[PDB]
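A lone chain, given as C-alpha coordinates: the form deposited in one PDB entry.
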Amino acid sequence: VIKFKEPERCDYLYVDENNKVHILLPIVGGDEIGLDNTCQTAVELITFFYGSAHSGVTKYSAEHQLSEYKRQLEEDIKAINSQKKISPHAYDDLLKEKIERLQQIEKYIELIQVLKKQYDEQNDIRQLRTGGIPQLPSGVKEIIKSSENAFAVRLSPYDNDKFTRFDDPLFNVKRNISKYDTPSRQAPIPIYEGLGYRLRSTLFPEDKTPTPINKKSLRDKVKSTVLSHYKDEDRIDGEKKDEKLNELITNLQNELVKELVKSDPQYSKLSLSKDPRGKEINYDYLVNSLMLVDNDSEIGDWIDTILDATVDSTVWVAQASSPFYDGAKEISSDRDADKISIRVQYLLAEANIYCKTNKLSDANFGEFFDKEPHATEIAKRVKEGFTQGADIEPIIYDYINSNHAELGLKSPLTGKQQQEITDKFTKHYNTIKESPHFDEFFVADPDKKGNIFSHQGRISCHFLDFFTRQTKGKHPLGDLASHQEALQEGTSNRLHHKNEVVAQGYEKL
(Lines give C-alpha, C1' and ligand atoms only; values in the text may rest on other atoms or scores of the structure.)
Protein backbone atom coordinates (compact mmCIF):
# COMPACT_ATOMS: atom_id res chain seq x y z
CA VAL A 1 0.00 0.00 0.00
CA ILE A 2 1.93 3.04 -1.35
CA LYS A 3 1.19 6.45 0.09
CA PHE A 4 -0.27 8.84 -2.45
CA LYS A 5 0.56 12.49 -2.98
CA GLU A 6 -2.55 13.77 -4.72
CA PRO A 7 -4.02 16.36 -2.26
CA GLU A 8 -7.39 15.93 -0.74
CA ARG A 9 -8.06 19.65 -1.13
CA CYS A 10 -7.04 22.24 -3.74
CA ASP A 11 -8.24 25.78 -4.05
CA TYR A 12 -11.00 26.23 -6.64
CA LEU A 13 -11.23 22.52 -7.33
CA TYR A 14 -14.21 20.23 -6.82
CA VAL A 15 -14.35 16.55 -7.88
CA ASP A 16 -17.89 15.15 -8.09
CA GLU A 17 -19.03 11.51 -7.63
CA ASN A 18 -18.41 10.65 -11.26
CA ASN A 19 -14.76 11.79 -11.15
CA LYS A 20 -15.59 15.02 -13.05
CA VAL A 21 -13.34 17.94 -12.19
CA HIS A 22 -14.97 21.32 -11.73
CA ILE A 23 -13.09 24.53 -11.32
CA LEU A 24 -15.11 27.19 -9.49
CA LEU A 25 -14.36 30.69 -10.38
CA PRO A 26 -14.72 32.92 -7.36
CA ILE A 27 -16.66 36.18 -7.40
CA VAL A 28 -16.26 37.24 -3.78
CA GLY A 29 -15.36 35.64 -0.51
CA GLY A 30 -18.14 34.41 1.72
CA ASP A 31 -20.82 31.81 1.94
CA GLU A 32 -24.19 33.49 1.45
CA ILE A 33 -23.22 37.21 1.65
CA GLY A 34 -20.11 38.51 0.09
CA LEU A 35 -17.44 39.85 2.44
CA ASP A 36 -15.82 42.07 -0.25
CA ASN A 37 -17.59 45.05 -1.82
CA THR A 38 -16.86 48.34 -3.51
CA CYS A 39 -13.09 48.81 -4.22
CA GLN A 40 -12.08 45.31 -3.08
CA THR A 41 -14.67 43.51 -5.07
CA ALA A 42 -12.09 42.20 -7.61
CA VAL A 43 -9.66 40.68 -5.10
CA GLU A 44 -10.80 37.04 -5.45
CA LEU A 45 -10.59 37.29 -9.27
CA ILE A 46 -7.23 38.96 -9.11
CA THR A 47 -6.01 36.06 -6.96
CA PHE A 48 -7.50 33.43 -9.20
CA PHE A 49 -5.89 34.83 -12.32
CA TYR A 50 -2.57 36.21 -10.97
CA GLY A 51 -2.19 35.53 -7.30
CA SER A 52 -2.05 38.21 -4.64
CA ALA A 53 -0.64 38.86 -1.14
CA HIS A 54 -2.75 38.83 2.07
CA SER A 55 -1.27 39.70 5.47
CA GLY A 56 2.18 38.88 4.20
CA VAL A 57 1.22 35.51 2.78
CA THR A 58 1.17 34.93 -0.98
CA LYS A 59 -1.98 33.37 -2.38
CA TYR A 60 -1.23 31.66 -5.68
CA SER A 61 -3.19 31.56 -8.91
CA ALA A 62 -5.39 28.77 -10.01
CA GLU A 63 -2.89 27.89 -12.71
CA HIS A 64 -0.09 27.62 -10.18
CA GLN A 65 -2.10 25.48 -7.80
CA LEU A 66 -3.47 23.27 -10.55
CA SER A 67 0.09 22.74 -11.98
CA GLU A 68 1.27 21.69 -8.51
CA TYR A 69 -1.67 19.28 -8.29
CA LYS A 70 -0.79 17.92 -11.74
CA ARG A 71 2.76 17.17 -10.58
CA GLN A 72 1.40 15.30 -7.62
CA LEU A 73 -0.94 13.21 -9.84
CA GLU A 74 1.97 12.44 -12.14
CA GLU A 75 4.00 11.22 -9.15
CA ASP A 76 1.11 8.98 -8.06
CA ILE A 77 0.82 7.47 -11.55
CA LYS A 78 4.56 6.77 -11.74
CA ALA A 79 4.32 5.19 -8.24
CA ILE A 80 1.51 2.94 -9.50
CA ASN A 81 3.58 1.91 -12.50
CA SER A 82 6.62 0.88 -10.46
CA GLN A 83 4.35 -0.99 -7.99
CA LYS A 84 2.70 -2.89 -10.96
CA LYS A 85 5.72 -5.05 -11.66
CA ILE A 86 5.04 -6.47 -8.15
CA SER A 87 1.15 -6.63 -8.37
CA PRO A 88 0.50 -6.60 -12.24
CA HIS A 89 -3.20 -5.47 -12.15
CA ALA A 90 -4.01 -4.60 -8.50
CA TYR A 91 -4.22 -0.84 -9.23
CA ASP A 92 -6.12 -0.66 -12.54
CA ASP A 93 -9.21 1.35 -11.42
CA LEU A 94 -7.20 3.85 -9.45
CA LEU A 95 -4.67 4.39 -12.20
CA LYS A 96 -7.49 5.05 -14.70
CA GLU A 97 -9.29 7.49 -12.35
CA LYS A 98 -6.05 9.30 -11.68
CA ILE A 99 -5.25 9.63 -15.32
CA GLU A 100 -8.77 10.94 -16.02
CA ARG A 101 -8.38 13.67 -13.38
CA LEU A 102 -4.99 14.54 -14.77
CA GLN A 103 -6.35 14.92 -18.30
CA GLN A 104 -9.19 17.17 -17.10
CA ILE A 105 -6.78 19.34 -14.93
CA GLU A 106 -4.46 19.73 -17.94
CA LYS A 107 -7.40 20.89 -20.06
CA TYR A 108 -8.45 23.50 -17.48
CA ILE A 109 -4.86 24.81 -17.26
CA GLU A 110 -4.88 25.15 -21.03
CA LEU A 111 -8.21 26.99 -21.01
CA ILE A 112 -6.84 29.55 -18.51
CA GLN A 113 -3.71 30.03 -20.60
CA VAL A 114 -5.69 30.52 -23.83
CA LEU A 115 -8.13 32.92 -22.29
CA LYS A 116 -5.26 35.14 -21.26
CA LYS A 117 -3.11 34.67 -24.41
CA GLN A 118 -5.64 34.68 -27.25
CA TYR A 119 -9.09 35.82 -25.92
CA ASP A 120 -8.20 38.93 -23.98
CA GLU A 121 -7.60 41.46 -26.69
CA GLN A 122 -9.59 44.11 -24.82
CA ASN A 123 -7.61 43.50 -21.60
CA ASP A 124 -10.76 42.67 -19.70
CA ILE A 125 -8.78 40.03 -17.71
CA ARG A 126 -5.48 41.91 -17.72
CA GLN A 127 -7.15 44.97 -16.06
CA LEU A 128 -7.44 42.86 -12.87
CA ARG A 129 -3.66 43.12 -12.78
CA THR A 130 -3.09 46.56 -14.19
CA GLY A 131 -6.19 48.72 -13.37
CA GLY A 132 -6.33 51.06 -10.40
CA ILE A 133 -9.68 49.72 -9.03
CA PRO A 134 -10.54 46.86 -11.28
CA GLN A 135 -13.88 45.76 -12.67
CA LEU A 136 -15.46 42.37 -12.76
CA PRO A 137 -14.79 40.88 -16.19
CA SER A 138 -17.78 41.04 -18.63
CA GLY A 139 -18.43 37.27 -18.51
CA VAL A 140 -18.79 37.45 -14.69
CA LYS A 141 -21.12 40.43 -14.99
CA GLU A 142 -23.27 38.45 -17.49
CA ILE A 143 -23.33 35.48 -15.16
CA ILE A 144 -24.45 37.71 -12.31
CA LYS A 145 -27.04 39.53 -14.46
CA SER A 146 -28.70 36.27 -15.44
CA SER A 147 -28.48 34.53 -12.00
CA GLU A 148 -31.65 33.17 -10.46
CA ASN A 149 -30.14 32.57 -7.07
CA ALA A 150 -27.77 35.51 -6.26
CA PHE A 151 -28.31 39.23 -6.37
CA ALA A 152 -26.55 42.42 -5.51
CA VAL A 153 -28.19 45.17 -3.52
CA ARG A 154 -27.18 48.78 -3.45
CA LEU A 155 -27.92 51.07 -0.47
CA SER A 156 -27.60 54.69 0.42
CA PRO A 157 -25.13 55.50 3.24
CA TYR A 158 -24.66 59.20 3.85
CA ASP A 159 -20.91 59.09 2.96
CA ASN A 160 -21.41 56.93 -0.13
CA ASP A 161 -18.53 55.40 -1.99
CA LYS A 162 -18.52 55.78 -5.81
CA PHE A 163 -16.63 52.55 -6.49
CA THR A 164 -19.53 50.17 -6.52
CA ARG A 165 -18.65 47.13 -8.59
CA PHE A 166 -22.01 45.27 -8.86
CA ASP A 167 -23.73 46.92 -11.81
CA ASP A 168 -27.09 45.08 -11.88
CA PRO A 169 -28.46 45.41 -8.40
CA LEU A 170 -31.92 43.92 -7.65
CA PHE A 171 -32.57 46.53 -4.91
CA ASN A 172 -31.31 50.06 -5.55
CA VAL A 173 -32.11 53.48 -4.06
CA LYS A 174 -31.19 57.06 -4.69
CA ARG A 175 -27.70 58.06 -3.44
CA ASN A 176 -25.75 61.22 -2.70
CA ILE A 177 -22.88 62.46 -4.89
CA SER A 178 -19.89 60.68 -3.45
CA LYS A 179 -17.15 62.82 -1.96
CA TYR A 180 -14.83 61.02 -4.41
CA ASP A 181 -16.72 62.82 -7.29
CA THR A 182 -16.12 66.24 -5.76
CA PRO A 183 -12.95 68.33 -6.15
CA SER A 184 -11.98 68.31 -2.37
CA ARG A 185 -12.74 64.62 -1.84
CA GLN A 186 -14.00 65.52 1.70
CA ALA A 187 -17.82 65.34 1.79
CA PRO A 188 -20.64 64.05 -0.30
CA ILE A 189 -23.17 66.43 -1.78
CA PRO A 190 -26.44 65.44 -0.15
CA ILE A 191 -29.79 64.94 -1.85
CA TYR A 192 -32.85 65.94 0.09
CA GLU A 193 -35.13 63.33 -1.41
CA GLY A 194 -35.57 59.58 -1.15
CA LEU A 195 -35.39 56.72 1.34
CA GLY A 196 -31.93 57.32 2.76
CA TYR A 197 -32.45 61.02 3.29
CA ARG A 198 -35.88 60.46 4.91
CA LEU A 199 -34.57 57.86 7.25
CA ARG A 200 -31.53 59.93 8.29
CA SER A 201 -33.35 63.22 8.68
CA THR A 202 -36.31 61.61 10.54
CA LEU A 203 -34.23 59.60 12.97
CA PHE A 204 -32.00 62.47 13.88
CA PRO A 205 -33.42 65.80 12.61
CA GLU A 206 -31.76 69.15 11.83
CA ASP A 207 -32.90 70.56 15.19
CA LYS A 208 -30.77 67.87 16.99
CA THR A 209 -33.58 66.34 19.02
CA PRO A 210 -32.41 62.84 20.02
CA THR A 211 -34.78 59.92 19.19
CA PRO A 212 -35.19 57.81 22.36
CA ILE A 213 -34.77 54.09 21.99
CA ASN A 214 -36.96 52.56 24.81
CA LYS A 215 -36.17 48.96 24.39
CA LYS A 216 -37.45 46.76 27.23
CA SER A 217 -37.16 43.05 28.03
CA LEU A 218 -40.46 41.24 27.66
CA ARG A 219 -40.96 41.27 31.44
CA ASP A 220 -40.26 45.00 31.85
CA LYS A 221 -42.50 45.69 28.85
CA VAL A 222 -45.48 43.75 30.11
CA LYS A 223 -45.12 45.33 33.52
CA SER A 224 -44.74 48.84 32.05
CA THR A 225 -47.79 48.42 29.75
CA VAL A 226 -49.92 47.19 32.58
CA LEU A 227 -48.81 49.98 34.97
CA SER A 228 -49.66 52.67 32.38
CA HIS A 229 -53.35 51.85 33.18
CA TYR A 230 -52.78 52.52 36.93
CA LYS A 231 -51.35 55.34 38.92
CA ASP A 232 -48.90 55.51 41.81
CA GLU A 233 -51.62 55.93 44.39
CA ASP A 234 -53.45 52.69 43.42
CA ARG A 235 -53.35 49.90 46.07
CA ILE A 236 -54.68 46.41 46.55
CA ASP A 237 -56.61 47.24 49.72
CA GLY A 238 -59.93 48.15 51.36
CA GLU A 239 -63.14 46.20 51.05
CA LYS A 240 -62.82 45.54 47.27
CA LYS A 241 -59.29 44.22 47.50
CA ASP A 242 -60.07 40.84 45.88
CA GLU A 243 -61.90 42.42 42.93
CA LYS A 244 -58.97 44.77 42.42
CA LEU A 245 -56.50 41.86 42.59
CA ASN A 246 -58.56 39.89 40.03
CA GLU A 247 -58.63 42.78 37.63
CA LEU A 248 -54.80 43.11 38.02
CA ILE A 249 -54.25 39.43 37.43
CA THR A 250 -56.55 39.48 34.39
CA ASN A 251 -54.86 42.60 32.86
CA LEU A 252 -51.39 41.20 33.53
CA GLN A 253 -52.29 37.85 31.99
CA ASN A 254 -53.85 39.48 28.90
CA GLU A 255 -50.83 41.64 28.23
CA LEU A 256 -48.38 38.78 28.86
CA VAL A 257 -49.99 36.25 26.55
CA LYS A 258 -50.57 38.94 23.90
CA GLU A 259 -46.81 39.58 23.78
CA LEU A 260 -45.81 35.91 23.92
CA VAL A 261 -48.05 34.54 21.20
CA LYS A 262 -46.17 36.71 18.71
CA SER A 263 -43.24 34.30 19.24
CA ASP A 264 -45.10 31.10 20.12
CA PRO A 265 -48.84 30.13 20.03
CA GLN A 266 -48.48 27.49 22.84
CA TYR A 267 -48.52 30.40 25.35
CA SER A 268 -52.15 31.11 24.54
CA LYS A 269 -52.82 28.56 27.39
CA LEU A 270 -50.79 30.40 29.96
CA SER A 271 -52.68 31.35 33.13
CA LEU A 272 -51.73 33.50 36.12
CA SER A 273 -54.67 32.59 38.35
CA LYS A 274 -52.85 29.60 39.84
CA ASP A 275 -49.39 28.52 40.76
CA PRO A 276 -48.09 25.30 39.17
CA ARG A 277 -49.46 23.27 42.06
CA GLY A 278 -52.97 24.63 41.41
CA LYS A 279 -52.88 26.97 44.45
CA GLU A 280 -55.17 29.97 43.90
CA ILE A 281 -53.34 33.28 43.63
CA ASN A 282 -55.25 35.52 46.03
CA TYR A 283 -54.62 38.11 48.65
CA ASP A 284 -54.24 35.80 51.59
CA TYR A 285 -51.77 33.62 49.69
CA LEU A 286 -49.45 36.45 48.58
CA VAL A 287 -49.67 38.48 51.83
CA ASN A 288 -50.03 35.85 54.56
CA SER A 289 -48.54 32.62 53.20
CA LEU A 290 -45.72 33.75 50.94
CA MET A 291 -45.39 37.15 52.81
CA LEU A 292 -44.14 38.96 49.63
CA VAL A 293 -46.43 42.00 49.63
CA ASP A 294 -49.07 43.65 51.80
CA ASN A 295 -51.95 46.20 51.54
CA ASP A 296 -49.60 49.19 51.18
CA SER A 297 -47.40 47.63 48.43
CA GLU A 298 -47.33 49.42 45.13
CA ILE A 299 -49.03 47.88 42.16
CA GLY A 300 -45.59 47.20 40.57
CA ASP A 301 -44.56 45.09 43.55
CA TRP A 302 -47.85 43.11 43.19
CA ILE A 303 -46.99 42.47 39.59
CA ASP A 304 -43.45 41.19 40.42
CA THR A 305 -44.85 38.82 43.06
CA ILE A 306 -47.63 37.45 40.81
CA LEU A 307 -45.10 36.75 38.09
CA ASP A 308 -42.52 35.08 40.39
CA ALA A 309 -45.33 32.87 41.80
CA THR A 310 -46.79 31.74 38.43
CA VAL A 311 -44.46 32.06 35.47
CA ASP A 312 -41.63 29.59 34.73
CA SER A 313 -38.23 31.16 34.16
CA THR A 314 -38.20 29.56 30.66
CA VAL A 315 -40.76 32.09 29.54
CA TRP A 316 -38.35 35.06 29.93
CA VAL A 317 -35.66 33.47 27.72
CA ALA A 318 -35.00 36.08 25.03
CA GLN A 319 -35.12 35.78 21.24
CA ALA A 320 -31.64 36.55 19.71
CA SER A 321 -31.24 40.30 19.54
CA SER A 322 -32.39 42.13 16.43
CA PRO A 323 -29.75 44.21 14.59
CA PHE A 324 -31.99 47.21 15.24
CA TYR A 325 -31.34 47.00 19.04
CA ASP A 326 -27.62 47.12 19.72
CA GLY A 327 -27.84 48.37 23.38
CA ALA A 328 -27.90 52.10 22.77
CA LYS A 329 -30.43 54.31 24.61
CA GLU A 330 -30.95 56.88 21.94
CA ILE A 331 -30.19 58.11 18.36
CA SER A 332 -28.28 61.20 19.18
CA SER A 333 -26.11 62.01 16.18
CA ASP A 334 -26.03 61.88 12.34
CA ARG A 335 -23.74 58.92 12.51
CA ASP A 336 -26.16 56.96 14.67
CA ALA A 337 -29.07 57.83 12.35
CA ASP A 338 -26.90 56.78 9.30
CA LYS A 339 -26.18 53.42 10.94
CA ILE A 340 -29.90 52.82 11.61
CA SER A 341 -30.86 54.05 8.14
CA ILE A 342 -28.55 51.44 6.62
CA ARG A 343 -30.09 48.73 8.73
CA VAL A 344 -33.56 49.57 7.65
CA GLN A 345 -32.43 49.68 4.02
CA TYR A 346 -30.68 46.35 4.35
CA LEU A 347 -33.87 44.75 5.78
CA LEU A 348 -35.82 46.04 2.80
CA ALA A 349 -33.12 44.67 0.50
CA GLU A 350 -33.35 41.24 2.23
CA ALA A 351 -37.14 41.25 1.71
CA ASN A 352 -36.56 42.09 -1.88
CA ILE A 353 -34.07 39.23 -2.25
CA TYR A 354 -36.46 36.77 -0.62
CA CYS A 355 -39.19 37.82 -3.00
CA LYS A 356 -36.98 37.59 -6.08
CA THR A 357 -35.38 34.17 -5.20
CA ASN A 358 -38.85 32.70 -4.29
CA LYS A 359 -40.41 34.07 -7.48
CA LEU A 360 -42.93 36.16 -5.56
CA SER A 361 -41.94 39.41 -7.38
CA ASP A 362 -39.44 40.86 -9.83
CA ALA A 363 -39.69 44.48 -8.62
CA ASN A 364 -36.93 46.74 -7.22
CA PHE A 365 -38.46 47.53 -3.78
CA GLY A 366 -36.14 50.52 -3.53
CA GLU A 367 -38.00 52.28 -6.32
CA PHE A 368 -41.31 52.21 -4.36
CA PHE A 369 -39.69 53.11 -1.03
CA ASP A 370 -37.79 56.03 -2.53
CA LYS A 371 -41.04 57.68 -3.63
CA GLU A 372 -43.16 59.97 -1.57
CA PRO A 373 -45.14 59.49 0.57
CA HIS A 374 -43.59 56.02 1.23
CA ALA A 375 -40.12 57.25 2.12
CA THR A 376 -41.46 59.66 4.76
CA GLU A 377 -44.04 57.27 6.07
CA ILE A 378 -41.69 54.35 6.56
CA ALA A 379 -39.20 56.62 8.36
CA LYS A 380 -41.90 57.92 10.69
CA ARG A 381 -43.16 54.46 11.56
CA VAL A 382 -39.65 53.23 12.27
CA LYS A 383 -38.88 56.27 14.41
CA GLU A 384 -42.09 55.68 16.43
CA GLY A 385 -41.12 52.02 16.66
CA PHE A 386 -37.90 52.94 18.39
CA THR A 387 -39.55 55.28 20.95
CA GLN A 388 -42.02 52.47 21.84
CA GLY A 389 -39.28 49.83 21.89
CA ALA A 390 -41.33 47.91 19.40
CA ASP A 391 -39.98 45.23 17.03
CA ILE A 392 -38.84 47.01 13.87
CA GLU A 393 -39.02 44.23 11.30
CA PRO A 394 -42.77 43.74 11.47
CA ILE A 395 -43.25 47.48 10.99
CA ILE A 396 -41.53 47.04 7.60
CA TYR A 397 -43.41 43.82 6.75
CA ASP A 398 -46.84 45.41 7.55
CA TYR A 399 -46.10 48.33 5.27
CA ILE A 400 -44.92 46.00 2.55
CA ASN A 401 -48.13 43.93 3.01
CA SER A 402 -50.39 46.98 2.81
CA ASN A 403 -48.78 47.82 -0.50
CA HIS A 404 -48.14 44.29 -1.73
CA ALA A 405 -49.58 44.66 -5.21
CA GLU A 406 -47.69 47.82 -6.00
CA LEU A 407 -44.49 45.97 -4.97
CA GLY A 408 -45.33 43.26 -7.56
CA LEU A 409 -46.57 40.64 -5.09
CA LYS A 410 -49.88 38.73 -5.63
CA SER A 411 -50.31 38.15 -1.91
CA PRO A 412 -49.03 39.56 1.37
CA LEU A 413 -46.12 37.89 3.10
CA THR A 414 -47.12 35.16 5.53
CA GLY A 415 -45.94 35.01 9.09
CA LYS A 416 -43.69 32.18 8.08
CA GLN A 417 -42.10 34.12 5.22
CA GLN A 418 -41.62 37.11 7.47
CA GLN A 419 -39.72 35.00 9.93
CA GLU A 420 -37.57 33.54 7.12
CA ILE A 421 -36.58 37.10 5.97
CA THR A 422 -35.90 38.14 9.53
CA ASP A 423 -33.51 35.20 10.16
CA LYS A 424 -31.61 35.85 6.89
CA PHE A 425 -31.42 39.57 7.59
CA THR A 426 -30.10 38.97 11.09
CA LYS A 427 -27.48 36.44 10.08
CA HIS A 428 -26.23 38.36 6.98
CA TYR A 429 -26.21 41.70 8.68
CA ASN A 430 -24.19 40.28 11.58
CA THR A 431 -21.62 38.90 9.16
CA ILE A 432 -21.10 42.23 7.43
CA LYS A 433 -21.58 44.70 10.27
CA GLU A 434 -17.91 45.65 10.51
CA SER A 435 -17.64 46.51 6.76
CA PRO A 436 -15.88 49.76 6.14
CA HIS A 437 -18.53 50.47 3.38
CA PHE A 438 -22.22 49.64 3.22
CA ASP A 439 -22.84 50.75 -0.33
CA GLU A 440 -23.53 47.22 -1.85
CA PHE A 441 -23.54 43.56 -0.98
CA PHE A 442 -23.75 40.40 -3.05
CA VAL A 443 -26.14 37.83 -1.57
CA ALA A 444 -26.29 34.26 -2.83
CA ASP A 445 -28.61 31.43 -1.99
CA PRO A 446 -26.87 28.18 -2.64
CA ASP A 447 -29.85 26.14 -1.40
CA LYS A 448 -31.63 27.25 -4.56
CA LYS A 449 -31.15 26.27 -8.10
CA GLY A 450 -28.97 28.64 -10.15
CA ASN A 451 -25.57 29.41 -11.65
CA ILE A 452 -23.85 30.58 -8.47
CA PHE A 453 -22.34 28.24 -5.89
CA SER A 454 -20.72 28.22 -2.50
CA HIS A 455 -17.34 26.48 -2.33
CA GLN A 456 -14.49 26.73 0.12
CA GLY A 457 -15.83 29.95 1.55
CA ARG A 458 -16.10 31.60 -1.88
CA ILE A 459 -19.28 32.63 -3.69
CA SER A 460 -18.55 31.29 -7.18
CA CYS A 461 -19.61 30.46 -10.69
CA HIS A 462 -18.48 27.49 -12.86
CA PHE A 463 -15.24 28.38 -14.65
CA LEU A 464 -16.60 26.86 -17.92
CA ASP A 465 -19.71 29.07 -17.79
CA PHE A 466 -17.42 32.06 -17.49
CA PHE A 467 -15.05 30.80 -20.14
CA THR A 468 -17.66 30.29 -22.84
CA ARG A 469 -19.15 33.76 -22.25
CA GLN A 470 -15.83 35.54 -22.06
CA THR A 471 -14.63 33.88 -25.31
CA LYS A 472 -18.07 34.42 -26.96
CA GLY A 473 -18.49 30.82 -27.95
CA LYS A 474 -15.34 30.90 -30.16
CA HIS A 475 -13.54 27.99 -28.41
CA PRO A 476 -15.77 24.94 -27.81
CA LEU A 477 -15.01 22.84 -24.74
CA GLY A 478 -14.34 19.42 -26.26
CA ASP A 479 -14.38 16.75 -23.55
CA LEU A 480 -15.45 19.34 -20.95
CA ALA A 481 -18.56 20.35 -22.83
CA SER A 482 -21.00 18.65 -20.47
CA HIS A 483 -19.33 19.43 -17.10
CA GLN A 484 -21.45 22.52 -16.46
CA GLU A 485 -24.67 20.58 -16.81
CA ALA A 486 -23.28 17.78 -14.70
CA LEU A 487 -22.72 20.20 -11.82
CA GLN A 488 -26.32 21.40 -11.98
CA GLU A 489 -27.50 17.75 -11.82
CA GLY A 490 -26.05 17.73 -8.28
CA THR A 491 -28.30 17.94 -5.23
CA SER A 492 -27.01 21.30 -3.85
CA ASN A 493 -25.24 24.46 -4.92
CA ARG A 494 -23.36 24.26 -1.66
CA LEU A 495 -20.37 22.16 -2.56
CA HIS A 496 -18.07 20.17 -0.24
CA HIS A 497 -14.57 21.88 0.56
CA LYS A 498 -12.59 18.58 0.37
CA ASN A 499 -12.95 15.91 -2.29
CA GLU A 500 -14.20 12.60 -0.84
CA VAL A 501 -13.77 10.85 -4.30
CA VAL A 502 -9.95 11.26 -4.14
CA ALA A 503 -9.88 9.44 -0.71
CA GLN A 504 -12.49 6.73 -1.56
CA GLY A 505 -10.68 5.52 -4.69
CA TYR A 506 -8.32 3.81 -2.17
CA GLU A 507 -10.81 1.81 0.03
CA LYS A 508 -10.08 -1.63 -1.63
CA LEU A 509 -7.65 -3.60 0.67
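Rigid core: the largest C-alpha set superposing within 1.5 Å between the two forms. Numbers for residues come from their place in the sequence shown, where the first is 1.
Not pictured, yet referred to below: the form deposited in another entry.
**Q** Go through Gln72, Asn282, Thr376, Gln127 and flag the only one whose CA is off by 2 Å or more between this form and the one not shown, rigid core held fixed.
**A** Just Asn282.
**Q** If we fit on the core, is the Cα of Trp302 displaced 2 Å or more between this form and the one not shown?
**A** Shift at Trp302: 2 Å or more after core fit.
**Q** Could you check, with the core superposed, whether the Cα atom of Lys258 shifts 2 Å or more between this form and the one not shown?
**A** Yes; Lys258 is a residue whose C-alpha shifts (by 2 Å or more) between this form and the one not shown when the cores are overlaid.
**Q** Comparing between this form and the one not shown on the rigid core: C-alpha of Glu239 shifted by 2 Å or more?
**A** Result for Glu239: yes, a 2 Å-plus shift.
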